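Engineer: Please find one structure pasted underneath; my questions will follow.
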Amino acid sequence: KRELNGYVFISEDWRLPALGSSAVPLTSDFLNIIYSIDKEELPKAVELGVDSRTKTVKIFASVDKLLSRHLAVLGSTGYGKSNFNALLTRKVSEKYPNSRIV
Amino acid sequence: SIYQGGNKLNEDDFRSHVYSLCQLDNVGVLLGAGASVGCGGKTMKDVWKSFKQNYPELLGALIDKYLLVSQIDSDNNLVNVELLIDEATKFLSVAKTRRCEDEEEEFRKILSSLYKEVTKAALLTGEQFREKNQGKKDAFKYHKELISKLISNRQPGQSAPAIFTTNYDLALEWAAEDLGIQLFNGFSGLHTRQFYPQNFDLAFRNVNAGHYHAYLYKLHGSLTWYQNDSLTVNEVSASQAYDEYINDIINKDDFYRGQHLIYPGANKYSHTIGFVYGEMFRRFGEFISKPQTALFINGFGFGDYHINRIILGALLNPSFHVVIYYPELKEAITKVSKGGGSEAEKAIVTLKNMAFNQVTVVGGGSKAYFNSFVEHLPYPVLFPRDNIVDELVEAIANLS
Amino acid sequence: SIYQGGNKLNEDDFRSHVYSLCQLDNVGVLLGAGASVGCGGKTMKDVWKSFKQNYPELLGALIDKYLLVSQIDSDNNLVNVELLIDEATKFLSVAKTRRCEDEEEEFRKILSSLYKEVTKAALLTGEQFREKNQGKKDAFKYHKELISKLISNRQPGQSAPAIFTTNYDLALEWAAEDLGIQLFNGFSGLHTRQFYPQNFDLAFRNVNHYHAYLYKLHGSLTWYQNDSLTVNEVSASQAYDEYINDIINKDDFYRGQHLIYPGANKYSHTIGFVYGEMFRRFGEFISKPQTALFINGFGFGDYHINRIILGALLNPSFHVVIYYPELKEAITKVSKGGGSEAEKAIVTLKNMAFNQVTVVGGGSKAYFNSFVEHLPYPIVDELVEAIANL
Ligand SMILES: Nc1ncnc2c1ncn2[C@@H]1O[C@H](COP(=O)(O)OP(=O)(O)OC[C@H]2O[C@H](O)[C@H](O)[C@@H]2O)[C@@H](O)[C@H]1O
Ligand SMILES: Nc1ncnc2c1ncn2[C@@H]1O[C@H](COP(=O)(O)OP(=O)(O)OC[C@H]2O[C@H](O)[C@H](O)[C@@H]2O)[C@@H](O)[C@H]1O
Ligand SMILES: Nc1ncnc2c1ncn2[C@@H]1O[C@H](COP(=O)(O)OP(=O)(O)OP(O)(O)=S)[C@@H](O)[C@H]1O
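Protein chains in written order, with PDB author numbering: chain M, 103 to 204; chain K, 2 to 210, 217 to 407; chain I, 2 to 209, 218 to 387, 395 to 406.
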């Protein structure tokens, strides 16, 4: 959509198109809008990585939506369970020195 | 001040209604004379003021002898100027046959004064009327937005848009000619251009590789239309009209030809000239009586009986929806609720008070204008709000 | 007292059976001189009262000289009147065929009074009979609802509703003309309107509406016969100026073999055609399967209708729903020797042992107005007044 001065992505699976339409590709600007968050929460956002199919977009997440309830990290041996904790933990400390972690 | 059925609304319930309304089968627009004030035009009372300033001697032979106008209206500036020229043409035509030479001069001399005053107010650019590319100037910036937004949101298998208007000026044409759009107005040809009413039913189509076109209905006429021989009506270009007749009108004095012009609704008693005016109202009704229809109004003062009749009759069909813009609701509600106001106020008010969820009125002075109507209409997604074209054309022209 | 064939029910037990019977293919309704009271009608008894206490002097010959009526039922105020009219027409015809004077005049004097008292009751609005839009009024408010819902409760590809009638007035026409639906009665034309029986087999259809049929059983006020042997229909504004006004405001004048109401001149091979062609359609509608028939207003004083509705019940998919207000007043009289066929038949019906006969009684809760409400359900004025004044 397009509302006031930018775009927003709704996630509801019912707007089937009409015949004689025209299909088009998606550029690298209609893709951030999809894999992006609100822009008032940027002060409360941390960077984790990028998209793996293209390796162009960056992914951000809200701290007060991650660490509100509990969080599950699952994975077999030798694939990176301990390289994501030392990354999610040395960031909240650099952003909120008034925080208790154990 | 927004009202739907008497009750009030908020901007976010209104903007979410306009979008639902613009997705329907048939869509339309009806403009007026105020829409053309942001370009260099005028209003019907600002015309009468200038008439009775410069010509106060002919203003007695028109209220005393022939009974053509009333003093209350002449004082309050509430005269219809498109309904008086017709009557004067009737008088002159009668006098020609009755052979009363004492009465033809006194009508030529007061028609030459009315046409000179209504023409001057419709050029919109003065002496730069006969030149080219007058749609690039910034005065015509929203007339383009209107067209582009009306077109850019339609789907395959959906009728094209229509635009009715009471003005007799060239703004929409000057704008479409610069966007690269085509408008159908009932004419065909270049060396002899003639009226064919059977081609409001046509459309375009592509062979191998189209839907950039719209319909325009002008209800009172235009300065580029005229009549040379008994049976036909011709259209010309601005540069050609200015050189044929539109110049003597302004500069020369005591110049009047006869039944030669088709603006505004003047020579309505012939049978080759009213055939042109009637088809428009015909098609207006035939459009306003379809199912799943929506109509936006802006710039219209509601001083006509037949159009109001048509609209009120149309509102019986449950699938017709309307939207109106009148920036004097407050200044009229009281003037009509105390003792009474004027027919326009009474009519416009009768609609505010009903149990209808398919009517709507809008006020707020400078908040119900054209530059703000053009902004409540949704803007598409893929349409580019960026111009990397001119930076390339500049380099192409700089190359040397 | 919702008796249902040797049992008893309640309001909803009835109000669901009706919804069940409304889904059938063949739906039919039957109406008599009862449902016409709310609009200004009179039963068969009031007209006899009026004739008695308005034309007493000539009432004797009917009992002393010609023996058309019985003094007992005359006093009891239960006497059939249209059969009397029919027979008097026969007497007049014989006395005019053989050239005799006194018996001719003596019957030309009686026909007038009878037709007068029988027309006044059916005018139904006084002197607003020769005027327009008489269906916008308030008396004709429940017929419109009846039609609207009986039509709306239909499936696509289904048959059309059937309405039989024993009255001879214009209410169901005035009402449909207000709604905007098309009725079929077997007539066609405007400047010369004629009878075509095979028109009952037609039906409309669209190319890019809804309608119904109407079977009268006793005629109407707007049908008549001219010097040539064809039967014509006419509008009220025209009939009023043609004959009715004189009927109601002249003391002695008669035109024989002209009018068609009520079962009067059946001894003419041109007039009995149009009567028989209705009863045989009634029969052929009954004999169909998956049919329902709602009876509201009829007094069951007819040999032939009784016989037909009786024989109709052998095959099981024909449902009947009678309405009868004064039921216990007859249950408590059949115990003794006194009783009339009207009540004997209805008690015999309620004394059955299958779930089709569904007699109903509430004294005043078995009436047309409640009959209507028992059924399911599926700004113009302001705008038109605004346009008017504008
Ligand atoms: N910038 C603006 N934007 C929008 N509306 C405006 C603006 N400025 C003024 N207005 C409104 O524009 C209106 C000006 O009304 P008038 O020009 O006299 O009426 P007409 O052009 O329909 O006159 C032609 C008719 O007259 C005969 O009856 C024939 O039948 C014709 O149909 C005011 O209400 C202003 O509030
Ligand atoms: N408002 C009302 N709503 C419903 N029913 C009513 C109402 N008022 C009275 N009734 C009932 O309406 C009934 C009136 O009965 P009658 O008018 O004598 O019978 P008919 O109209 O079939 O007479 C025509 C026959 O006469 C010849 O014999 C021919 O053969 C005809 O077939 C009463 O029982 C009331 O309970
Ligand atoms: N995103 C990454 N980029 C580069 N190397 C990675 C990445 N994720 C994991 N690795 C490598 O994977 C190796 C082992 O991963 P570990 O951190 O041991 O995961 P793990 O063994 O599942 O976690 P444990 O069992 O709690 S020690 C390390 O040497 C990392 O260098």
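Note that CB positions come from ideal geometry on N, CA and C, so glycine has one too.
1) In the DSSP assignment, what residue or residues form a beta bridge with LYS193(M)?
2) State yes or no: is the beta carbon of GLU401(I) nearer than 8 Å to at least one beta carbon in chain K?
3) Taking only the alpha-carbon atoms, compute the straight-line gap between residue 215(K) and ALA404(K) and give it to the nearest angstrom.
4) Measuring only from the beta carbon, is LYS167(M) closer than 7 Å to any heavy atom that is part of ligand 3?
5) Give the DSSP-derived three-state secondary structure of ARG155(M) in the structure shown.
6) Going along the chain, which residues put their C-beta within less than 6 Å of some heavy atom in ligand 3?
7) Should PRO271(I) go down as buried or exposed, given a rule of 16 or more other Cβ atoms within 10 Å for buried?
8) DSSP three-state call for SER164(M): helix, strand or coil?
9) Candidates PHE380(I), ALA248(I), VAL343(I): which alpha carbon is nearest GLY306(I)'s?
10) To the nearest angstrom, report how far apart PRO198(I) and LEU79(I) are at their CA atoms.
11) When DSSP labels each residue in this structure, what does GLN135(I) get in the three-state scheme?
12) Checking the sheet assignment: what are the DSSP bridge partners for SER189(K)?
13) What's the gap between the Cα of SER277(K) and the Cα of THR167(K)?
14) Which chain I residues are close to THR300(K), counting only those with a beta carbon under 7 Å from its beta carbon?
15) Whose beta carbon lies closer than 5 Å to any heavy atom of ligand 2, going through the chain in order?
16) Looking at the secondary structure, which residues open and close the beta strand (DSSP E) in which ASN241(I) lies?
17) State the CB to CB distance for the pair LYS183(M) and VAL165(M), rounded to an integer number of angstroms; the pair is presumed to be in contact (CB under 8 Å).
18) Go through its chain and collect everything with a Cβ distance to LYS342(I)'s Cβ below 8 Å, but skip five positions before and after it.
19) Can you pull the chain M neighbours of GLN156(K), defined as C-beta to C-beta under 7 Å?
20) Select from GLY151(M), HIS172(M), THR156(M) the residue whose C-alpha is nearest the C-alpha of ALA163(M).
21) What's the C-alpha gap between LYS197(M) and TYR181(M)?
22) Does the beta carbon of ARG104(M) sit closer than 8 Å to a beta carbon anywhere in chain K?
23) Go to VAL369(I), then tell me how far its alpha helix (DSSP H) extends in each direction, as first and last residue.
24) What I want to know is whether the C-beta of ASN305(I) ends up closer than 7 Å to one or more non-hydrogen atoms of ligand 1.
25) Would you kindly check if the distance between the Cβ of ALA301(I) and the Cβ of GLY29(I) is under 8 Å?
26) Closer than 7 Å between beta carbons: that is the criterion. Which residues of the stretch 15–27 of chain K meet it against chain M?
27) Using three-state DSSP, classify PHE92(K) as helix, strand or coil.
28) Going by alpha carbons, who is nearest to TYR312(K) out of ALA362(K), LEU84(K), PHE262(K), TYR263(K)?
29) Return the first residue and the last residue of the alpha helix (DSSP H) that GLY285(K) is part of.
30) Could you check whether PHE130(I) and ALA36(I) sit closer than 8 Å to each other, using their CB atoms as the reference points?
31) Please work out which residues of its chain come closer than 7 Å, Cβ to Cβ, to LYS297(I), disregarding the five sequence neighbours upstream and downstream, and give them in chain order.
32) Residues in the same chain with beta-carbon distance under 7 Å from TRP175(I), minus the five sequence neighbours each way, listed in chain order, please.
33) In chain K, which residues lie less than 8 Å from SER178(M) when you measure between Cβ atoms?
34) With DSSP as the reference, label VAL70(I) as helix, strand or coil.
35) Can you look up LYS110(I) in the DSSP assignment and give me helix, strand or coil?
36) Using a Cβ-Cβ distance under 8 Å, would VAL208(I) count as near chain K?
Structural biologist: Checking against the coordinates, here is how it stands:
1) Paired residues: none, contrary to the question.
2) no
3) Chain K lacks the residues between 210 and 217, and residue 215(K) is one of those with no coordinates.
4) no
5) coil
6) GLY177(M), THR179(M), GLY180(M), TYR181(M), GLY182(M), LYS183(M), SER184(M), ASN185(M)
7) buried
8) strand
9) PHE380(I)
10) 35 Å
11) coil
12) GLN195(K)
13) 21 Å
14) The contacting residues do not exist; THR300(K) stays about 17 Å from chain I at best.
15) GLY33(I), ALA34(I), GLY35(I), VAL38(I), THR44(I), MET45(I), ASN81(I), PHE307(I), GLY308(I), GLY310(I), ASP311(I), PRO334(I), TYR376(I), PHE377(I)
16) 240–242
17) The pair is not a contact, with the Cβ atoms about 20 Å apart (cut-off 8 Å).
18) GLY348, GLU352
19) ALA120
20) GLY151(M)
21) 27 Å
22) yes
23) From DSSP, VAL369(I) is part of no alpha helix (DSSP H); its letter is neither H nor E.
24) no
25) yes
26) none
27) helix
28) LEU84(K)
29) 281–295
30) no
31) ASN27
32) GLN135, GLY136, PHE141
33) Those do not exist, as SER178(M) stays about 43 Å from chain K at its closest Cβ, beyond 8 Å.
34) coil
35) helix
36) no
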